[PDB]
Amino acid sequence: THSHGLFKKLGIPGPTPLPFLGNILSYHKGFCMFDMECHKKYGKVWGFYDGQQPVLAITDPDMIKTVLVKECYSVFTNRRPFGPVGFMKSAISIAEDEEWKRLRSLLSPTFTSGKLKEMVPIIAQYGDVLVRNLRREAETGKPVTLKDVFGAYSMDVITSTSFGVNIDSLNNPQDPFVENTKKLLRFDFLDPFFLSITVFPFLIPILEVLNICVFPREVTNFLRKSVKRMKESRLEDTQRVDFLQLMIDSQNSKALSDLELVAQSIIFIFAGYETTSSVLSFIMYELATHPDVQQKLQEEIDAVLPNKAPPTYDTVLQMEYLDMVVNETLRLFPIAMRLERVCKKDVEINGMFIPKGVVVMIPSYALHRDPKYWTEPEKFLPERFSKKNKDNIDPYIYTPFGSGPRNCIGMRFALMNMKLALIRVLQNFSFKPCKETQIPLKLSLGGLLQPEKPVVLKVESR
């Protein structure tokens, strides 16, 4: 069709697109399976069409460095719009160019290393709440689904970190916070909705005037109201480690508005709830099928925290094997699966002409299992991230949190949150593979990096 011969004139290989659909039919295997096959059959640079949208893939470490870091403010500044956003266009994940840069500056100090340390005692409380709910799950003598136990944990962490709500979601699934926020699940970009708007981007402005938000409108307006109360409450109840409080005090001394305040608060829930629980589920699956890793990690946790001591910001950064377990799991399962930037002008990178409007993509999943940089990619070997080999890995091939000024702003919080859970659970429980566990864990064929069957493991007390 119109914009389907763009990669032909540039001499770029790629699967031949069909009219009106591009290469969306190749998504039947999923985003990750399609990327790895394209890397095999086309090399280092290829392209395809998400409907009429041309998507160029790059794997050269210097080319990835130029897109994400070097030429970021100039050319590759924003991501591809994904659907009707509504009032959430003021979200840092969705804001573009000047709005994003102002929003990121107004939100960067919220994620300081010092501000993270002040949150450790609060996140530590629900690790004990996690163990209690895990104890009854282990005494029943039946396998436990990790997504629910971790999903209850991440919900408890997000509510207590974003706001002052302290709850036990696993035992009290009726609080209005836990009810609505449980519907903030990841976007399956290969579902009937997102596939249609990817093929039909002209429908996105139509859905906006219909006030059809991509986020559940009930959750958004409820959170828009809940924040308004808590704000007024803390005002007429002046007494704080809260993402809300860290943004309210910064509102005093461009500026952050009240609706922009709510949008970022919702982002942290959406970015934190299903994302953290998935990775924690992925980590524990690998610890069960590789008990040697689970053993050396339990020993190191006891070595740094004797008598099942409470973790600390200083002690968490001390355990070297725990960081290796998390890093390797993220390599095998980078839940982003992809990094995208919109080319805002005609620019040439590393001897490649990139026309305006093309979506440049970094296939994180395809790079993490590409043999050219990893030996035995399909095997779970945490020793790749030992101190000696930690310097022999190219940071622009292994990008679980992205790179450049638009990387994951909550990287340290997410790593701290997951490790605080792993420390408190491993030093009290051991995870054994039961019968229902899928020994060859199959990944979904959709737009999410989640397991095919929910991960169920046997839990026992030490």
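Heads up: residue numbers just count along the shown sequence, starting at 1. Think of the rigid core as the biggest set of C-alphas that the two forms share within 1.5 Å after superposition.
- Rigid core fits of the other structures in 6 other deposited structures of this protein place the C-alpha atoms of one stretch farther away on average; of 328-336 and 193-201, that stretch is 193-201.
- Superposing each structure in 6 other deposited structures of this protein on the rigid core shows that the farther-lying of 218-226 and 112-120, by root-mean-square Cα distance, is 218-226.
- At least a third of the other compared entries skip residue 253 while keeping the residues on either side.
- Residue-level annotation: residue 240 lacks coordinates in a third or more of the other entries compared, counting only those that model residues on either side of it.
- The entry shows a gap from residue 239 to residue 240, with 1 to 3 unmodelled residues of the deposited sequence in between.
- The modelled chain is continuous from residue 174 to residue 175, since every residue of the deposited sequence in that stretch has coordinates.
- When the two stretches 116-124 and 355-363 are set side by side, the higher mean Cα temperature factor goes to 116-124.
- Averaged over Cα atoms, the B-factor as recorded in the entry is higher for 366-374 than for the other of 333-341 and 366-374.
- Of the candidates 105, 264, 145, 77, it is 145 whose Cα B-factor is highest according to the PDB record.
- The entry assigns its greatest Cα B factor, within the set 271, 212, 203, 246, to 246.
- When all modelled residues of the chain are sorted by CA temperature factor, residue 434 is found within the highest third.
- Among the modelled residues of its chain, residue 14 has a C-alpha B-factor that falls in the middle third according to the deposited record.
- Annotation for residue 21: C-alpha temperature factor in the lowest third relative to the rest of the modelled chain, per the entry.
- Annotation for residue 66: C-alpha temperature factor in the middle third relative to the rest of the modelled chain, per the entry.
- Among all modelled residues in its chain, residue 320 ranks in the middle third by Cα B-factor.
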